[PDB]
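Worksheet: one structure, shown below.
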Amino acid sequence: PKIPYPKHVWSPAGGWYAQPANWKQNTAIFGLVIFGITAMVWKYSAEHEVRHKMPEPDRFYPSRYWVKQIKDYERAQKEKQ
Amino acid sequence: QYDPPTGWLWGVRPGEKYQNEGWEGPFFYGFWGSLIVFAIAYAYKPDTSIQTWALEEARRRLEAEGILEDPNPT
Amino acid sequence: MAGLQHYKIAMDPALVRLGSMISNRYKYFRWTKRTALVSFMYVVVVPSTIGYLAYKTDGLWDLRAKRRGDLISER
Amino acid sequence: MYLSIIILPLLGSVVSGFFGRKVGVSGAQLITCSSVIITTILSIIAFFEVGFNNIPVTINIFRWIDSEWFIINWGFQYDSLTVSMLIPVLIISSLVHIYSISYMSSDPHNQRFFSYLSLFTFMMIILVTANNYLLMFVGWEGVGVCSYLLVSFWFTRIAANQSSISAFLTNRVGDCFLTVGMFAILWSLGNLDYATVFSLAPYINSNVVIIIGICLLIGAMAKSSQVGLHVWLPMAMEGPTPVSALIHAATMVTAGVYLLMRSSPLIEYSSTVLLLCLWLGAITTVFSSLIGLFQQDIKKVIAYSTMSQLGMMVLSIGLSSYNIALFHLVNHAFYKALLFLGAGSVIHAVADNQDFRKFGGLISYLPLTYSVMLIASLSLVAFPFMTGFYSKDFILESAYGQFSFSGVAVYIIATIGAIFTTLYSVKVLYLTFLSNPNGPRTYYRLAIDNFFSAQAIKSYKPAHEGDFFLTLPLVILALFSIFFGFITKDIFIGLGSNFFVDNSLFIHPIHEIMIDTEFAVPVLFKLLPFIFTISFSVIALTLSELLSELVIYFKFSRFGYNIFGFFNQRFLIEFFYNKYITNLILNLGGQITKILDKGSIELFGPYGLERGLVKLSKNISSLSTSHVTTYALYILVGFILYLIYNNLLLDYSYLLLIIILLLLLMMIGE
Amino acid sequence: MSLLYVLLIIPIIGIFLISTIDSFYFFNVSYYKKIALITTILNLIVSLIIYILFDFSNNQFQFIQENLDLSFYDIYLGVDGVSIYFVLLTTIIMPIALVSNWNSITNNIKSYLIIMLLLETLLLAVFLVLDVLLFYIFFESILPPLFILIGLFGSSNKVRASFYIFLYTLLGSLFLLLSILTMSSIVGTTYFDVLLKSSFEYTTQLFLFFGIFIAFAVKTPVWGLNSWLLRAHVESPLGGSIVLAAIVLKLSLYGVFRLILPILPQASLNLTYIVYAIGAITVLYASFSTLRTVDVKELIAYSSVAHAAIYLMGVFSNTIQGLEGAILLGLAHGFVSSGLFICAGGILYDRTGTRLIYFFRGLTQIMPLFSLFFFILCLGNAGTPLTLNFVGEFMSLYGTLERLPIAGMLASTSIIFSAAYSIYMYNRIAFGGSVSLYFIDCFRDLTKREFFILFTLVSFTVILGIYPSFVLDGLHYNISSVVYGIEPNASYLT
Ligand SMILES: CCCCCCCCCCC(CCCCCCCCCC)(CO[C@H]1O[C@@H](CO)[C@H](O[C@@H]2O[C@@H](CO)[C@H](O)[C@@H](O)[C@@H]2O)[C@@H](O)[C@@H]1O)CO[C@H]1O[C@@H](CO)[C@H](O[C@@H]2O[C@@H](CO)[C@H](O)[C@@H](O)[C@@H]2O)[C@@H](O)[C@H]1O
Ligand SMILES: CCCCCCCCCCCCCCCCCC(=O)OC[C@H](COP(=O)([O-])OCC[N+](C)(C)C)OC(=O)CCCCCCCCCCCCCCCCC
Ligand SMILES: CCCCCCCCCCCCCCCCCC(=O)OC[C@H](COP(=O)(O)OCCN)OC(=O)CCCCCCCCCCCCCCCCC
């Protein structure tokens, strides 16, 4: 059973058994807002990460694809001979 | 099973709308309004803190030694 | 009761009587052996103790950039 | 990626809690779990990126506090240790969010509960990703607030209110010592950023390091429930079970352990704090394990079991080998999240009931639930070739490896605590699965056996198991309790492993005892914990269902009755706390409000002046009779007094004393 | 017409319009409240314009207007870093104080608004005057409007309360006046730019110190001289209480920067162990006492006593960190204590008509917006990080510990008890069972007005708690001028 609860109380967390009929839609819009901030944060963290050591080319270091410090180093290091 | 979201925001019953006491005008546009405008002007405000003036001098005075590297030597 | 109408509360007489006794208690304080000692402990001794320790140890130490072979004692 | 691990749980907690009306119950569960899982995956990559290739990553965003010498920035720093602790923190948090999808299905406050679980993960991540002591302390206070809100989650219950205040205030005592400790860092070094404190640690006054070191150990003592400040962790079992598993059994309790481990480049230069690390951790092992043997609540036994594992980490910190403590912190976290979550199935199985004295049967009713315990139990008692074997059965050996009185003595203490460890391990396993049914027949009534006639579809309740969401973390945690310990024992122990050459943890050469651990230790003491573990299990297993009355004979003696209660009343370190510490302050507040504020300070103050001056005012006015003859006499007397004072060259002090007297007499009536 | 003089003029125009508009229109009470609110808004707008133009590293007083028509008692206004943030706090708080009473006055509304507007001009004048006698004249001018505010709009015991706050303040201020008059006699003038240049003899500094400290101890208040706060801050109307706690408590703190640190540094250094004993005693005795206080506003009023002891210990630390922490804690306490009085004196007292804590229980169940803000304000009152209350407490306590460690440790213990009394109150009100059985009628949650005067207060403390640099940037150079001491190798460069 479900405990009785006052209908007149408004709580932003939703309350006692809140699930709006449009919960799927709102859960998608908020996900997109959540996604965009992370993209904004990821772009920041790619730009301002600092490393004093550079990964070897063969090793699994997936950050070399999106960070600027390593990409600039690898671009410059490709010039040989 | 789940209940539909309920509750009265600001105590307003579903039949009617929130009534205004007259503070809302000046508070939302005069008080908060001016507080966002000031925030915008603060981004363009020149930086007159003693620290940044001092770091610039501390930099050169450190560049005279071997701790830092002069971008434009001599 | 006040200027602006509030909700109806079950104003318990016992709790109302307790909150009035507290607000009026100052009128019934008296000097006795107990009340003189407690009032002398809190107001004089304990403060004068801290004042003694604060006075005695003012400048006794400095932690700034202290190293091995250099003490913390300053006086 | 490095900063996305920071904000993703934060965003998930903000949307679920501040828009639970908008996304609803399932919307909140979808975001918190997704945000934690995405964050969890990125940490796994960060372990490869930072731990394996040895790239520490520095990320500084903006200044937080800037005064003259203090420049505290919202800066984050990834090294070997912070990615080591981020792995269990994210993994179990992922498993706890998923686990709670079922445990809280009937709770009317799902959105709030999941909002709290993601905020705690955010606060845990902030605590270990910070590159300075002050920003770390934010996560320190952050997990504490998240712990308080999750204990008091059922805020209509008075006893869970007392628990959250115990969690809040007991930890706050530790933070006062920790706050003072950062003052001592700031006072001596100008700032409290990690790269500065550890760069100057070998060079500062040894007495300073003791002053420094002691302070954060007391702070570490509070957040890891050491024998002094230890009373919040079992009281903190008034919250929902996943909270007990996540915050009070595997992640936050390991913050005090993390504080000593990150501070290793500093406390290493102080044997006084390091020696205090050893015995303190050694004490809480027998302290916790003894109490746990005599607890009737399943969760309360486990709370005492966490306090033991943390105590062995604190013990290991004293042995100048923080990597083994790090090895045990990750290893302990998995077996523990297993034990509690599976335990939560047991409470969910029968009646939302958790008393041992009414548990029995259930070996066939909950087959999977029983199985995960046995893997967890043997990992906890460090059964050979299991996850806990490579960590728990290496701390004990390390203690003998340091050949000193302190090292040998704590061995004996830990082994006795290790001996008592398996007994409650046996008590948890036996009294819930391998014993006779002690609960009501409602728990054990299958539809196969014909009992009812008309109400056959319902009224059975045969103590069924959980759904997928309840068992998927149970299965996943089982593998970590078998293979994770063996797989990672080379990273964390090895022989000369370089997994911490980024200085994340630091071991001084003079303090190394690991070489003697592998070779100098005698084989008998190396296998000694196993001998006690595989032996004392059989006595406990024979003392029940085979003898089953030797213990009650001990119980009803006068010697046993006094021992049983003492250990059941947790050494009485809460009866003297409540009466001689808590209520002392409450009476001190009582005396000050009643005797001074509403008392003497009013009588020797405004109220006394009002009483006396009204009295003095009325007496003087009584001399104003409007009798013109009487006034003439007053004028003459004032005339005479002025002539005396000036003609006789009176001392002025005589005049003032006369006036004081005239007030005195006037102060007296009649 | 200098911007600083504009600050003192706007609230006087509002008084004029409030008391004359009936001759141009029975005028509605809503009109008076709107004139008063807009008046305070334009005063806030001017203080924000000043702050944009304000320069962070100038040893000259800024936005000063040349008088040159010298008289016996002239009013010179000027602002630097130490005064700029107190001026801002006064201009932010007073609009919130006006909204916090929008519905709860209901009688003598014209008198309430005129008194509130006059208090703004006086309190601003205190922080802006460039003369020590001018400082005293405004520090005391607020008593009669304060005396009449409590008596006209206070609760049942407002007669005893109004007398206590008037007579305590006057008696202490009379000792400060004696010290101020001695200074003007020796120097010939109380103007800041020339009185700070002077050098008083040690025993003169000693007796000047007692006279000033007796007044600043009544106003802090220190424990044992705090009866007036217990009475006045509780018996006052909600707007009065906000102004009394968030602005009036700060005058003694700002007065330590202008009256003792620059002119009495030897006395301050040699008497810190007495200030710290009183400061340590106040931290413990107040904290224990508020743990047993049963009136919710008196509990919140008593918390102000404990925190005021912490920034009183900071200003006497002679360190850069303690002094910055003291201003930041005094600012932080202004927002948080304002919110806690709105929660207690405004939200609870309007619903129930009582302030006894015995009658409240489980308010979270019916009022989740009140509890959400109440908890954040109970965290801020406990010095939790990401509140401006932590940055101020940590910096204030660090200076206290460095100047004198025994007092620092004891003052540190406030980290326990602030949490203790703040969370214990929070649980007995928002948590701790289901809704109290004494409530017959159900209660409504925050109105839009209550939500937005709390959201505003919790926004200021949190944003400043994450980026306190907004305030510290304008305190670094001016705070430096009040430090007394020299380093062995930096002093006397050649
Ligand atoms: C939370 C802390 C947890 C606990 C950790 C304590 C760890 C130990 C620290 C103890 C400490 C730190 C200050 C604590 C507070 C500072 C900041 C507070 C915390 C900041 C956050 C307080 O020690 C003080 O104690 C005082 C007791 O009166 C003494 O003052 C004076 O006592 C009388 C004369 O000695 C006077 O007559 C009296 O007038 C003074 O008063 C002094 O001993 C000293 O000032 C310093 O202890 C150290 O002091 C020095 C000098 O002694 C000692 O060096 C030795 O000196 C030679 C002869 O000594 C020895 O031949 C030599 O071998 C060695 O070189 C050390 O061995 C050690 O003792
Ligand atoms: C430092 C001060 C605070 C700064 C941060 C301010 C918030 C930043 C974002 C925090 C994460 C989001 C939290 C959402 C919590 C759920 C929403 C909610 O309030 O529901 C009210 C809920 C209502 O949820 P409900 O839906 O169950 O309501 C209906 C059912 N009843 C009414 C019975 C409860 O009310 C409560 O039950 C709890 C009351 C106290 C609420 C406290 C919530 C946390 C507030 C932020 C804590 C910040 C911790 C800072 C740590 C500092 C570290 C140093
Ligand atoms: C910068 C330097 C400034 C120097 C001072 C300059 C002037 C400052 C203000 C001094 C007094 C100004 C009074 C302004 C109000 C006058 C207009 C008026 O008549 O207001 C009437 C008002 C309501 O009464 P009414 O509406 O007529 O009756 C309705 C009954 N249903 O009734 C009221 O408003 C009365 C309000 C209560 C009394 C005012 C607050 C206490 C003041 C104590 C006076 C003594 C101290 C003066 C201090 C001045 C400022 C320091």
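Residue numbers (the numbering used here), protein chains in the order written: chain A, 1 to 81; chain R, 82 to 155; chain Y, 156 to 230; chain B, 231 to 900; chain X, 901 to 1394. From the three backbone atoms N, C-alpha and C, an ideal C-beta is built for every residue, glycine too.
Assumed close pair B/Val373, B/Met482 - CB separation to whole angstroms, cut-off 8 Å:
5 Å
With a cut-off of 9 Å, does the C-beta of Y/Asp213 fall near any C-beta of chain B?
no
Neighbouring residues, chain Y, relative to B/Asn435 (Cβ below 9 Å):
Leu218, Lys221, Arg222, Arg223, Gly224, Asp225, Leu226 and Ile227
Is there a Cβ of chain B sitting closer than 9 Å to that of R/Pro86, yes or no?
yes
Using a C-beta to C-beta distance shorter than 9 Å, which residues of chain B count as neighbours of R/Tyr83?
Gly254, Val255 and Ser256
Starting from the Cα of X/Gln962, find the closest Cα among X/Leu1076, X/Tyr976 and X/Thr1021 and give me that residue.
X/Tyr976
So for B/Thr288, helix, strand or coil by DSSP?
strand
Could you confirm whether any beta carbon from chain A is found closer than 9 Å to the beta carbon of R/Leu90?
yes
What does a CB cutoff of less than 8 Å around X/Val987 pick up in its chain, not counting 5 residues either side in sequence?
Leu907, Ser947, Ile950, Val979, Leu1024, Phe1027 and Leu1028
Ligand 3 and X/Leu1212: does the residue's C-beta get closer than 8 Å to at least one heavy atom of that ligand?
no
Indicate, with yes or no, if ligand 2 has a heavy atom lying under 8 Å from the CB of B/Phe278.
no
Host alpha helix (DSSP H) of X/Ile1379 (start-end)
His1376 to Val1382
If you measure from the beta carbon of A/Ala28 to each beta carbon in chain R, is any gap under 9 Å?
no
CA-to-CA distance, A/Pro12 to B/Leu700, given in whole angstroms
28 Å
Quick one: give me the first and last residue of the alpha helix (DSSP H) that B/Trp462 is part of.
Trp462 to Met465
Compute the distance between the beta-carbons of B/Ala452 and B/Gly486, then report whether it is under 9 Å.
yes
At the level of alpha carbons, what is the spacing between B/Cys445 and Y/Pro202?
26 Å
Could you please tell me which residues of the segment 415 to 431 of chain B, in chain order, have their CB closer than 7 Å to any CB of chain Y?
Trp417 and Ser418
X/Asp1250 - DSSP class collapsed to helix/strand/coil:
helix
Chain X contact for A/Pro12 (CB, 9 Å cutoff)
yes
Measure from the C-beta of Y/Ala191 to each C-beta in chain X and report whether the shortest distance is under 9 Å.
no
Given a threshold of 16 other Cβ atoms within 10 Å of its Cβ, counted over all protein chains shown, does B/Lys688 qualify as buried or as exposed?
exposed
Quick one: is the Cβ of B/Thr269 within less than 8 Å of any heavy atom of ligand 1?
no
Spatial distance of X/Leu1095 from X/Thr1394 (CA atoms):
28 Å
Closer than 9 Å, Cβ to any Cβ of chain X: which residues of the segment 281 to 308 of chain B, in chain order?
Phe292, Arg293, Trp294, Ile295, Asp296, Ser297, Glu298, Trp299, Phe300 and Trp304
Would B/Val473 and B/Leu571 qualify as a contact pair, given that the criterion is a beta-carbon distance under 9 Å?
no
Any idea what DSSP makes of X/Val906, helix, strand or coil?
helix
Keeping to the same chain, check which residues put their C-beta closer than 6 Å to that of X/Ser1391; ignore five residues upstream and five downstream.
none
Inter-stretch contact at 8 Å, needing at least 3 Cβ pairs: the segment 297 to 314 of chain B / the segment 413 to 430 of chain B
yes
Please tell me whether B/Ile528 and B/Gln456 are closer than 9 Å, where the distance is taken between their beta carbons.
no
Within 8 Å: the Cβ of X/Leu1240 and any heavy atom of ligand 2?
no
Relative to the C-alpha of B/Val403, which candidate in X/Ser1318, X/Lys933 and X/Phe1275 has its C-alpha closest?
X/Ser1318
B/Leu592 and B/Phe797: beta carbons closer than 9 Å?
no
Straight-line Cα distance separating B/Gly443 from B/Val503
6 Å
Rounded separation between X/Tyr1258 and B/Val375 - CA only:
26 Å
For A/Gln69, the first and last residue of its enclosing alpha helix (DSSP H)
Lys68 to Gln77
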